[PDB]
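Source file: input-v1.cif. Holds: mmCIF, C-alpha atoms and all ligand atoms.
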data_model
loop_
_atom_site.label_atom_id
_atom_site.label_comp_id
_atom_site.auth_asym_id
_atom_site.auth_seq_id
_atom_site.Cartn_x
_atom_site.Cartn_y
_atom_site.Cartn_z
CA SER A 6 10.31 182.18 -202.01
CA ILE A 7 7.34 179.96 -201.15
CA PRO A 8 4.15 180.05 -203.26
CA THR A 9 1.05 181.95 -202.18
CA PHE A 10 -2.49 180.53 -202.02
CA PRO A 11 -4.88 180.71 -203.91
CA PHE A 12 -2.85 179.35 -206.81
CA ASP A 13 -3.27 180.50 -210.40
CA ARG A 14 -5.42 178.57 -212.87
CA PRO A 15 -4.69 179.54 -216.49
CA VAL A 16 -7.28 176.85 -217.31
CA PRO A 17 -10.12 177.35 -214.79
CA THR A 18 -11.50 173.80 -215.00
CA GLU A 19 -8.05 172.22 -214.55
CA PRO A 20 -5.86 172.03 -211.43
CA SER A 21 -3.42 174.84 -210.80
CA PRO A 22 -0.01 174.02 -212.35
CA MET A 23 1.45 174.69 -208.90
CA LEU A 24 -0.01 171.40 -207.66
CA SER A 25 1.94 169.27 -210.15
CA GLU A 26 5.03 171.40 -209.51
CA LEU A 27 4.93 170.65 -205.78
CA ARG A 28 3.87 167.02 -206.28
CA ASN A 29 7.03 166.42 -208.34
CA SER A 30 9.46 168.29 -206.07
CA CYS A 31 8.33 168.45 -202.43
CA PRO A 32 5.79 166.11 -200.76
CA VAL A 33 5.23 168.55 -197.86
CA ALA A 34 5.69 172.04 -199.27
CA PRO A 35 5.40 175.35 -197.38
CA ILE A 36 2.79 177.77 -198.72
CA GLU A 37 1.78 181.29 -197.73
CA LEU A 38 -1.89 181.79 -196.88
CA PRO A 39 -3.55 185.14 -197.66
CA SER A 40 -3.38 185.94 -193.94
CA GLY A 41 0.42 185.71 -194.15
CA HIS A 42 0.67 182.50 -192.12
CA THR A 43 2.80 179.72 -193.59
CA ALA A 44 1.18 176.31 -194.06
CA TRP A 45 2.35 172.95 -195.41
CA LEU A 46 0.62 171.29 -198.36
CA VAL A 47 0.59 167.54 -199.07
CA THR A 48 0.06 166.64 -202.72
CA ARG A 49 0.86 162.94 -203.26
CA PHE A 50 -1.83 160.26 -203.25
CA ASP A 51 -0.37 157.96 -200.59
CA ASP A 52 0.64 160.93 -198.42
CA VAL A 53 -2.76 162.63 -198.68
CA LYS A 54 -4.53 159.47 -197.52
CA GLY A 55 -2.15 159.15 -194.58
CA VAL A 56 -2.67 162.73 -193.44
CA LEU A 57 -6.47 162.61 -193.75
CA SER A 58 -6.49 159.42 -191.63
CA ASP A 59 -3.84 160.69 -189.17
CA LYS A 60 -5.68 161.98 -186.10
CA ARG A 61 -2.67 164.15 -185.24
CA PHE A 62 -3.97 166.40 -188.04
CA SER A 63 -7.14 167.67 -186.34
CA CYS A 64 -9.91 169.89 -187.66
CA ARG A 65 -10.72 170.88 -184.06
CA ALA A 66 -7.36 172.61 -183.65
CA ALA A 67 -7.94 174.28 -187.02
CA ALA A 68 -11.20 175.70 -185.66
CA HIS A 69 -9.42 177.18 -182.63
CA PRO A 70 -9.49 181.01 -182.89
CA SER A 71 -5.71 181.32 -182.50
CA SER A 72 -5.29 179.01 -185.50
CA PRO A 73 -4.84 180.83 -188.82
CA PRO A 74 -7.98 181.49 -190.87
CA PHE A 75 -8.94 179.72 -194.07
CA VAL A 76 -12.72 179.42 -194.49
CA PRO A 77 -14.72 181.54 -192.01
CA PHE A 78 -17.41 178.96 -191.21
CA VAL A 79 -14.89 176.50 -189.74
CA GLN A 80 -13.93 178.93 -186.96
CA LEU A 81 -17.41 180.42 -186.44
CA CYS A 82 -19.50 177.36 -185.51
CA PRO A 83 -19.13 173.69 -184.47
CA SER A 84 -19.15 172.51 -188.07
CA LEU A 85 -18.34 168.90 -188.90
CA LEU A 86 -15.03 170.25 -190.22
CA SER A 87 -14.42 171.96 -186.84
CA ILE A 88 -14.50 168.85 -184.59
CA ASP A 89 -12.93 165.42 -184.17
CA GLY A 90 -13.11 162.39 -181.91
CA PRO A 91 -16.25 161.02 -180.25
CA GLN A 92 -18.10 164.31 -180.79
CA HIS A 93 -17.53 164.08 -184.54
CA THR A 94 -18.37 160.36 -184.60
CA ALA A 95 -21.69 160.95 -182.83
CA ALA A 96 -22.72 163.65 -185.30
CA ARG A 97 -21.80 161.48 -188.29
CA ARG A 98 -23.87 158.61 -186.89
CA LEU A 99 -26.95 160.85 -186.77
CA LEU A 100 -26.33 162.14 -190.29
CA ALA A 101 -25.75 158.58 -191.51
CA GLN A 102 -29.07 157.53 -189.96
CA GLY A 103 -30.87 160.09 -192.11
CA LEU A 104 -28.89 159.25 -195.26
CA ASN A 105 -29.92 155.61 -194.97
CA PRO A 106 -30.30 153.24 -197.94
CA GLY A 107 -34.08 153.58 -197.86
CA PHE A 108 -33.70 157.35 -198.07
CA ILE A 109 -31.41 157.05 -201.10
CA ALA A 110 -33.91 154.79 -202.87
CA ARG A 111 -36.79 157.18 -202.16
CA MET A 112 -34.73 160.11 -203.46
CA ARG A 113 -34.16 158.45 -206.86
CA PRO A 114 -37.52 159.56 -208.38
CA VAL A 115 -37.26 162.92 -206.59
CA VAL A 116 -33.90 163.61 -208.26
CA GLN A 117 -35.16 162.36 -211.63
CA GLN A 118 -38.09 164.80 -211.54
CA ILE A 119 -35.80 167.71 -210.66
CA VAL A 120 -33.46 166.76 -213.51
CA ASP A 121 -36.37 166.43 -215.94
CA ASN A 122 -37.72 169.89 -215.11
CA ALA A 123 -34.32 171.55 -215.44
CA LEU A 124 -33.75 169.88 -218.81
CA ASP A 125 -37.27 170.88 -219.85
CA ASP A 126 -36.17 174.46 -219.20
CA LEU A 127 -33.04 173.98 -221.32
CA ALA A 128 -34.90 172.49 -224.29
CA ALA A 129 -37.39 175.38 -224.22
CA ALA A 130 -34.63 178.00 -224.35
CA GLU A 131 -33.09 179.48 -227.49
CA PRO A 132 -29.39 178.56 -227.71
CA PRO A 133 -26.84 179.66 -226.78
CA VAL A 134 -27.61 179.84 -223.04
CA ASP A 135 -25.73 179.56 -219.76
CA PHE A 136 -26.04 175.90 -218.80
CA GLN A 137 -25.06 176.81 -215.23
CA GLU A 138 -27.76 179.44 -214.73
CA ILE A 139 -30.45 177.34 -216.42
CA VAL A 140 -29.70 173.78 -215.29
CA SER A 141 -27.04 173.04 -212.70
CA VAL A 142 -27.77 175.87 -210.24
CA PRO A 143 -31.53 175.15 -210.20
CA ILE A 144 -30.76 171.44 -209.76
CA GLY A 145 -28.33 171.99 -206.90
CA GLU A 146 -30.67 174.42 -205.16
CA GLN A 147 -33.77 172.24 -205.60
CA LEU A 148 -32.00 169.10 -204.37
CA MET A 149 -30.95 170.84 -201.16
CA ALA A 150 -34.50 172.16 -200.83
CA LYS A 151 -35.71 168.55 -200.72
CA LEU A 152 -33.13 167.63 -198.08
CA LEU A 153 -34.09 170.60 -195.88
CA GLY A 154 -37.84 170.35 -196.51
CA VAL A 155 -38.08 173.98 -197.67
CA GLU A 156 -39.06 175.78 -200.85
CA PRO A 157 -36.44 176.19 -203.60
CA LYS A 158 -36.53 179.98 -203.21
CA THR A 159 -35.42 179.56 -199.59
CA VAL A 160 -32.28 177.67 -200.64
CA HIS A 161 -31.53 180.35 -203.24
CA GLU A 162 -31.33 182.90 -200.42
CA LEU A 163 -29.14 180.55 -198.38
CA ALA A 164 -26.76 180.07 -201.30
CA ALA A 165 -26.20 183.83 -201.52
CA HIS A 166 -24.45 183.70 -198.13
CA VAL A 167 -22.50 180.50 -198.87
CA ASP A 168 -19.85 182.37 -200.86
CA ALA A 169 -19.07 184.45 -197.76
CA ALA A 170 -18.95 181.35 -195.55
CA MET A 171 -16.34 179.80 -197.89
CA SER A 172 -14.43 182.98 -198.79
CA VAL A 173 -10.67 182.50 -198.50
CA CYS A 174 -9.91 186.07 -199.59
CA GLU A 175 -12.72 187.11 -201.97
CA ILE A 176 -15.24 188.89 -199.73
CA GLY A 177 -14.60 191.83 -197.44
CA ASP A 178 -14.07 191.16 -193.76
CA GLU A 179 -17.11 193.21 -192.76
CA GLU A 180 -19.60 191.69 -195.22
CA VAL A 181 -18.58 188.12 -194.31
CA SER A 182 -19.72 188.53 -190.70
CA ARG A 183 -22.97 190.18 -191.81
CA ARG A 184 -23.68 187.48 -194.40
CA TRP A 185 -22.71 184.80 -191.88
CA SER A 186 -25.16 186.12 -189.27
CA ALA A 187 -27.92 186.06 -191.89
CA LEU A 188 -27.01 182.50 -192.91
CA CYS A 189 -27.08 181.32 -189.29
CA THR A 190 -30.45 182.96 -188.63
CA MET A 191 -31.96 181.26 -191.68
CA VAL A 192 -30.68 177.81 -190.71
CA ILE A 193 -31.66 178.34 -187.06
CA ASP A 194 -35.18 179.33 -188.09
CA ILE A 195 -35.49 176.36 -190.45
CA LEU A 196 -34.47 173.88 -187.75
CA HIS A 197 -36.94 175.32 -185.24
CA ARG A 198 -39.75 175.14 -187.82
CA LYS A 199 -38.99 171.47 -188.53
CA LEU A 200 -38.75 170.62 -184.83
CA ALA A 201 -42.22 172.15 -184.38
CA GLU A 202 -43.68 170.50 -187.51
CA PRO A 203 -41.39 167.75 -188.83
CA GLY A 204 -41.92 166.76 -192.45
CA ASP A 205 -40.81 164.08 -194.91
CA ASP A 206 -37.25 165.34 -195.34
CA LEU A 207 -33.71 164.53 -194.26
CA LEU A 208 -33.49 167.46 -191.85
CA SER A 209 -36.69 166.48 -190.04
CA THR A 210 -35.58 162.88 -189.52
CA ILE A 211 -32.23 164.00 -188.09
CA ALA A 212 -33.83 166.66 -185.89
CA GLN A 213 -36.39 164.20 -184.53
CA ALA A 214 -33.83 161.44 -183.92
CA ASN A 215 -31.51 163.84 -182.10
CA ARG A 216 -34.39 165.13 -179.95
CA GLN A 217 -35.21 161.55 -178.94
CA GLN A 218 -31.57 160.55 -178.44
CA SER A 219 -30.57 163.86 -176.78
CA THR A 220 -27.05 163.47 -178.18
CA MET A 221 -26.40 166.85 -179.86
CA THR A 222 -27.19 170.33 -178.59
CA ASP A 223 -29.18 172.71 -180.77
CA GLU A 224 -26.00 174.69 -181.47
CA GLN A 225 -24.19 171.53 -182.56
CA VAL A 226 -27.08 170.52 -184.83
CA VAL A 227 -27.03 173.97 -186.44
CA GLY A 228 -23.29 173.59 -186.91
CA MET A 229 -23.79 170.26 -188.66
CA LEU A 230 -26.66 171.62 -190.76
CA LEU A 231 -24.52 174.61 -191.72
CA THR A 232 -21.85 172.20 -192.96
CA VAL A 233 -24.43 170.30 -195.02
CA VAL A 234 -25.70 173.51 -196.60
CA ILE A 235 -22.27 174.99 -197.34
CA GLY A 236 -20.94 171.72 -198.76
CA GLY A 237 -24.09 170.43 -200.44
CA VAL A 238 -25.00 173.30 -202.77
CA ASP A 239 -21.95 174.77 -204.47
CA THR A 240 -19.96 171.53 -204.67
CA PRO A 241 -22.48 169.52 -206.77
CA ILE A 242 -23.04 172.59 -208.95
CA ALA A 243 -19.31 173.06 -209.53
CA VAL A 244 -18.67 169.39 -210.33
CA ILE A 245 -21.64 169.15 -212.71
CA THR A 246 -20.75 172.38 -214.51
CA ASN A 247 -16.97 171.94 -214.59
CA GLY A 248 -17.46 168.25 -215.32
CA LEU A 249 -19.67 169.05 -218.31
CA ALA A 250 -17.12 171.59 -219.53
CA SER A 251 -14.52 168.82 -219.56
CA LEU A 252 -16.99 166.48 -221.28
CA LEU A 253 -17.72 169.01 -224.03
CA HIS A 254 -14.09 170.09 -224.44
CA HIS A 255 -12.90 166.47 -224.71
CA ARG A 256 -15.97 165.97 -226.85
CA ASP A 257 -15.24 162.31 -227.60
CA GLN A 258 -15.94 161.60 -223.91
CA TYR A 259 -19.45 163.08 -224.02
CA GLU A 260 -20.14 160.93 -227.09
CA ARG A 261 -19.11 157.79 -225.21
CA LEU A 262 -21.92 158.43 -222.72
CA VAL A 263 -24.35 159.05 -225.58
CA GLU A 264 -23.28 155.75 -227.16
CA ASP A 265 -23.88 153.63 -224.03
CA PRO A 266 -25.91 155.17 -221.18
CA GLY A 267 -25.19 152.06 -219.09
CA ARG A 268 -21.63 153.35 -218.58
CA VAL A 269 -22.61 156.72 -217.10
CA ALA A 270 -22.05 155.41 -213.57
CA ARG A 271 -18.43 154.61 -214.43
CA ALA A 272 -18.09 158.00 -216.12
CA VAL A 273 -19.25 159.75 -212.94
CA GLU A 274 -16.28 158.22 -211.11
CA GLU A 275 -13.94 159.78 -213.67
CA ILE A 276 -15.82 163.09 -213.55
CA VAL A 277 -15.36 163.46 -209.79
CA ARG A 278 -11.71 162.39 -210.05
CA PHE A 279 -11.03 164.85 -212.87
CA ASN A 280 -13.08 167.87 -211.71
CA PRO A 281 -12.75 168.47 -207.97
CA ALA A 282 -14.64 171.43 -206.55
CA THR A 283 -11.68 172.88 -204.61
CA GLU A 284 -7.93 173.29 -205.02
CA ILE A 285 -7.05 172.09 -201.50
CA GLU A 286 -9.01 170.66 -198.58
CA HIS A 287 -10.07 172.34 -195.35
CA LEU A 288 -7.36 173.34 -192.91
CA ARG A 289 -5.86 170.90 -190.43
CA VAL A 290 -3.52 171.76 -187.55
CA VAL A 291 -0.90 169.31 -186.29
CA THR A 292 -1.27 168.66 -182.56
CA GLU A 293 2.05 166.85 -181.98
CA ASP A 294 5.48 166.77 -183.57
CA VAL A 295 5.22 164.45 -186.58
CA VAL A 296 7.34 163.26 -189.50
CA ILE A 297 5.46 162.87 -192.80
CA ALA A 298 7.23 161.67 -195.96
CA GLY A 299 10.62 162.67 -194.60
CA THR A 300 9.43 166.15 -193.53
CA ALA A 301 9.28 167.09 -189.85
CA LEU A 302 6.29 169.18 -188.75
CA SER A 303 6.22 170.61 -185.24
CA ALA A 304 3.06 170.79 -183.15
CA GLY A 305 0.81 173.66 -184.19
CA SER A 306 1.81 173.65 -187.86
CA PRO A 307 -1.11 174.34 -190.23
CA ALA A 308 -1.40 171.57 -192.81
CA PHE A 309 -3.35 171.13 -196.05
CA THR A 310 -4.00 168.16 -198.31
CA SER A 311 -4.89 168.41 -202.00
CA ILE A 312 -7.28 165.70 -203.17
CA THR A 313 -7.16 167.52 -206.51
CA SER A 314 -3.44 166.82 -206.80
CA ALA A 315 -3.69 163.32 -205.33
CA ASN A 316 -6.25 162.34 -207.98
CA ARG A 317 -3.73 163.34 -210.68
CA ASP A 318 -0.81 161.41 -209.15
CA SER A 319 0.94 159.29 -211.79
CA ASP A 320 1.84 156.78 -209.06
CA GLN A 321 -1.87 155.92 -208.72
CA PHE A 322 -3.34 156.55 -212.20
CA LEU A 323 -2.05 155.80 -215.68
CA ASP A 324 -2.06 158.98 -217.79
CA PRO A 325 -3.57 160.90 -214.85
CA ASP A 326 -4.11 164.16 -216.76
CA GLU A 327 -6.20 162.41 -219.44
CA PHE A 328 -10.00 162.51 -219.12
CA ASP A 329 -11.12 158.92 -219.78
CA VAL A 330 -14.70 158.14 -218.74
CA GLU A 331 -14.05 154.42 -219.32
CA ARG A 332 -11.17 154.40 -216.80
CA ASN A 333 -11.42 151.19 -214.78
CA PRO A 334 -10.22 150.35 -212.16
CA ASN A 335 -10.47 153.96 -210.92
CA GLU A 336 -9.43 154.09 -207.25
CA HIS A 337 -9.71 157.81 -206.58
CA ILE A 338 -10.41 159.67 -203.34
CA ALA A 339 -12.59 162.41 -204.83
CA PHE A 340 -15.01 162.05 -201.89
CA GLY A 341 -12.24 162.39 -199.31
CA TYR A 342 -10.64 160.00 -196.87
CA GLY A 343 -10.58 159.40 -193.14
CA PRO A 344 -13.23 160.46 -190.63
CA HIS A 345 -14.20 163.59 -192.58
CA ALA A 346 -14.86 161.73 -195.85
CA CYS A 347 -18.02 162.89 -197.57
CA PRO A 348 -21.21 161.60 -195.89
CA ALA A 349 -23.17 162.20 -199.12
CA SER A 350 -20.96 160.19 -201.47
CA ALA A 351 -23.64 157.59 -202.22
CA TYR A 352 -26.31 160.28 -202.58
CA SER A 353 -24.02 162.36 -204.81
CA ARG A 354 -23.12 159.41 -207.05
CA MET A 355 -26.80 158.64 -207.60
CA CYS A 356 -27.54 162.31 -208.34
CA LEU A 357 -24.74 162.78 -210.86
CA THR A 358 -25.57 159.49 -212.58
CA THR A 359 -29.23 160.48 -212.89
CA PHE A 360 -28.29 163.87 -214.34
CA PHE A 361 -25.65 162.87 -216.89
CA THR A 362 -27.76 159.94 -218.10
CA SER A 363 -30.69 162.27 -218.78
CA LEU A 364 -28.60 165.09 -220.27
CA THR A 365 -26.73 162.86 -222.73
CA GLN A 366 -29.96 161.08 -223.70
CA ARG A 367 -31.86 164.31 -224.43
CA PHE A 368 -29.00 166.46 -225.81
CA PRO A 369 -26.66 164.06 -227.64
CA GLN A 370 -25.34 166.88 -229.87
CA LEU A 371 -24.73 169.43 -227.10
CA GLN A 372 -21.68 171.60 -227.73
CA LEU A 373 -19.77 174.47 -226.18
CA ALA A 374 -21.25 177.73 -227.44
CA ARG A 375 -17.95 179.65 -227.25
CA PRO A 376 -14.31 178.56 -227.17
CA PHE A 377 -13.13 176.50 -224.20
CA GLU A 378 -10.36 179.08 -223.70
CA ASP A 379 -12.96 181.72 -222.74
CA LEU A 380 -14.05 180.05 -219.49
CA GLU A 381 -13.35 181.98 -216.29
CA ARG A 382 -13.24 181.11 -212.61
CA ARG A 383 -16.23 182.42 -210.67
CA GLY A 384 -14.17 183.54 -207.67
CA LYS A 385 -10.45 182.99 -207.18
CA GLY A 386 -10.71 183.94 -203.51
CA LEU A 387 -13.42 181.33 -202.93
CA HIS A 388 -12.67 177.85 -201.66
CA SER A 389 -14.61 176.57 -204.68
CA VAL A 390 -13.17 176.44 -208.19
CA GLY A 391 -16.52 176.70 -209.98
CA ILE A 392 -16.51 178.62 -213.24
CA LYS A 393 -18.44 181.81 -213.97
CA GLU A 394 -20.66 180.41 -216.74
CA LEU A 395 -20.86 177.58 -219.27
CA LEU A 396 -22.52 178.68 -222.50
CA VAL A 397 -23.76 175.71 -224.53
CA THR A 398 -25.65 175.19 -227.78
CA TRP A 399 -27.53 172.41 -229.55
CA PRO A 400 -29.07 171.95 -233.02
CA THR A 401 -32.49 173.54 -233.45
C1 LIG B 501 -25.86 167.19 -199.03
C2 LIG B 501 -24.63 167.43 -198.56
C3 LIG B 501 -23.36 167.19 -199.41
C4 LIG B 501 -23.25 166.95 -200.72
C5 LIG B 501 -24.39 166.87 -201.76
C6 LIG B 501 -21.85 166.79 -201.04
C7 LIG B 501 -21.31 166.53 -202.28
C8 LIG B 501 -19.98 166.29 -202.55
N1 LIG B 501 -18.95 166.33 -201.64
FE1 LIG B 501 -19.20 166.29 -199.60
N2 LIG B 501 -19.31 166.82 -197.58
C9 LIG B 501 -20.47 167.22 -196.93
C10 LIG B 501 -21.71 167.38 -197.52
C11 LIG B 501 -22.02 167.18 -198.84
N3 LIG B 501 -21.13 166.93 -199.87
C12 LIG B 501 -20.14 167.43 -195.54
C13 LIG B 501 -21.14 167.88 -194.45
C14 LIG B 501 -18.84 167.16 -195.37
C15 LIG B 501 -18.03 167.25 -194.05
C16 LIG B 501 -18.03 165.89 -193.36
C17 LIG B 501 -17.17 165.92 -192.12
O1 LIG B 501 -16.36 166.87 -191.97
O2 LIG B 501 -17.29 164.99 -191.29
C18 LIG B 501 -18.29 166.77 -196.65
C19 LIG B 501 -16.99 166.42 -196.91
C20 LIG B 501 -16.43 166.27 -198.17
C21 LIG B 501 -15.02 166.13 -198.47
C22 LIG B 501 -13.86 166.13 -197.45
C23 LIG B 501 -13.32 167.55 -197.25
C24 LIG B 501 -12.17 167.52 -196.28
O3 LIG B 501 -11.82 166.42 -195.78
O4 LIG B 501 -11.58 168.61 -196.01
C25 LIG B 501 -14.90 166.01 -199.79
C26 LIG B 501 -13.57 165.84 -200.56
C27 LIG B 501 -16.22 166.06 -200.38
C28 LIG B 501 -16.52 165.97 -201.73
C29 LIG B 501 -17.78 166.03 -202.30
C30 LIG B 501 -18.10 165.79 -203.69
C31 LIG B 501 -17.05 165.42 -204.77
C32 LIG B 501 -19.43 165.94 -203.85
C33 LIG B 501 -20.29 165.81 -205.13
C34 LIG B 501 -19.76 165.66 -206.35
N4 LIG B 501 -17.14 166.22 -199.36
#
Go ahead and express the file in the form of structure tokens.
Amino acid sequence: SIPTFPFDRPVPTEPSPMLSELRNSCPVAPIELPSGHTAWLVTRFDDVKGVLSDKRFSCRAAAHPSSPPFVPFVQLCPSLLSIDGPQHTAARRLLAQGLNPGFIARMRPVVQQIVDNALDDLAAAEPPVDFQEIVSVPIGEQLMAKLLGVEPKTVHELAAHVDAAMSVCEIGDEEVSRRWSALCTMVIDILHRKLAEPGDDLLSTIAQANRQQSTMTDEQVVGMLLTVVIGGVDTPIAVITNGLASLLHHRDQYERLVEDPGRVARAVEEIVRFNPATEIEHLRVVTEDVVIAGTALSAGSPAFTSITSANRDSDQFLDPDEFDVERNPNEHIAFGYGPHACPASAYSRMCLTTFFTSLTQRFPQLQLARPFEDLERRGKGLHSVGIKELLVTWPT
């Protein structure tokens, strides 16, 4: 029979073996979602790029109530992953206006200070300690706090509801809706506060520009902001943590960064290629009859791509399952492809480069505290593949 999603991960920080199995047997494979509906998964690099840039695979149709469920937030609000066409383009323009090059430059010292303080907390601790609880989670929460113009504690409360918003089959049906309502109320209240008293933050600049341009309704802005919050907290945390786990397991790769900090930028490209934050992408629904890689898909078929699998495709990368932070050229699609490609790719690259430069400079002899085989996935039923904890140690 056909395989069921979520797939197993005997190694939590590595892709599910099912991905390579399908990649080397069927380019468009049927899979059974937890809701029972059958969907088709695309796993090859060239094919994944084609689907993500093929407007016949629409996120809007995936947000339609009749469409099968995957992540609740997509069907509960006009998220950026719930729309297409001119409506989506207009929202991305506004977001791109806020994430302008001047904004990135101004954020460089802000990120450096957040990284410094988190690493100050690590150095002051007595090893072993959970790197995730002490460093990456505070960093991810405090970065989003700067984007939203709120206090770090406020983002911590928001993050509690993010798991429900991205729950494929982890959280109960009743608690999802109650945690979703709380998440919406928080974001709604934040937006209204910033509209009344805009500050020096990304959210305020977008809210002010939209108010002047009168191009998005308040509900559409909330939908976009919800997407930013859901995608901007857990994903950086998962990549940093899982990425570090790979760096400390393949310990010779961590040492390469210690040896030459000028190559950390290149290493970040390999980190995002090698440690994606999800197993498959958000749901798409085919709107017309199409033929993809010799496979016919009728209108209404639910479709999934796997950037995780694409970034391991031996047709695009030499020795794709090897972690090589010096890999160059490295033409991955870790930040997506097509209209829904990550709007924060430049911001995220700067953030990860700042962090891994500082970490490797201050903790050159960092090590895994316990065996690599003891790592566990935080939540199999979550869209994210972040691990439960990463215990590390260093000479004292
Ligand atoms: C702040 C905020 C933020 C941040 C930080 C981030 C970070 C990130 N990210 Fe991002 N994203 C986002 C926000 C975000 N994000 C959004 C909102 C989206 C959606 C867009 C659209 O849809 O249009 C995305 C999208 C996206 C995608 C696509 C998906 C699909 O298509 O389905 C991907 C792949 C990614 C990745 C990523 C990474 C890798 C990172 C790091 C590392 N992203």
With all atoms listed in the file counted, which protein, DNA or RNA residues have an atom no more than 12 Å from (5.2, 167.0, -189.2) in the file frame? Please answer as a ChimeraX atom specification. /A:32-35,44-47,52,56,59,61-62,289-309
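Comparing A:269, A:116, A:152, A:195 by their smallest distance to ligand LIG 501 (chain B), the closest is A:152 (using only C-alpha atoms and all ligand atoms).
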Within-7 Å residues of ligand LIG 501 (chain B), basis all atoms listed in the file, as a ChimeraX atom specification: /A:57,85-86,93,97,149,229,232-234,236-238,240-241,244,277,281-282,286-287,312,339-342,344-350,352-353
Where's the centre, and what are the edge lengths in Å to one decimal, of a box along x, y and z enclosing all listed atoms of segment 252-261 of chain A padded 8 Å per side, as lines of an AutoDock Vina configuration file?
center_x = -16.5
center_y = 163.9
center_z = -224.4
size_x = 23.2
size_y = 28.3
size_z = 22.3
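Distances to residue 66 of chain A were evaluated for A:249, A:90, A:40, A:118 using only C-alpha atoms, and the minimum falls at A:90.
When atom CA of residue 53 of chain A is paired with atom CA of residue 311 of chain A, their separation reads 7.0 Å.
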Enumerate, in order of chain and increasing residue number, the residues of segment 297-362 of chain A with an atom no farther than 12 Å from segment 134-145 of chain A, each with its shortest atom pair and distance in Å to one decimal, counting all atoms listed in the file, as a Markdown table.
| residue | atom | partner | partner_atom | distance |
| --- | --- | --- | --- | --- |
| A:353 | CA | A:145 | CA | 10.8 |
| A:356 | CA | A:144 | CA | 9.8 |
| A:357 | CA | A:144 | CA | 10.6 |
| A:359 | CA | A:144 | CA | 11.5 |
| A:360 | CA | A:144 | CA | 9.2 |
| A:361 | CA | A:141 | CA | 11.1 |
Provide the atom CA of residue 81 of chain A to atom CA of residue 156 of chain A distance in Å, to one decimal place. 26.4 Å
For residue 313 of chain A, please output as an MDAnalysis selection string all residues within 8 Å (counting only C-alpha atoms; exclusion window: fewer than 6 positions along the same chain). chainID A and resid 20 278:281 283:285 339
Would you list the contacts of residue 335 of chain A as a PyMOL selection string, taking every protein, DNA or RNA residue within 10 Å and counting all atoms listed in the file, but skipping same-chain residues closer than 6 positions in sequence? chain A and resi 271+274-275+278+316+321-323
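You can rank A:49, A:388, A:65, A:199 by their closest distance to residue 168 of chain A using all atoms listed in the file, and at the top of that list sits A:388.
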Kindly extract all protein, DNA and RNA residues lying within 12 Å of the coordinates (-33.3, 158.2, -201.5) given in the file, considering all atoms listed in the file, and supply them as an MDAnalysis selection string. chainID A and resid 103:117 148 151:152 205:207 349 351:356
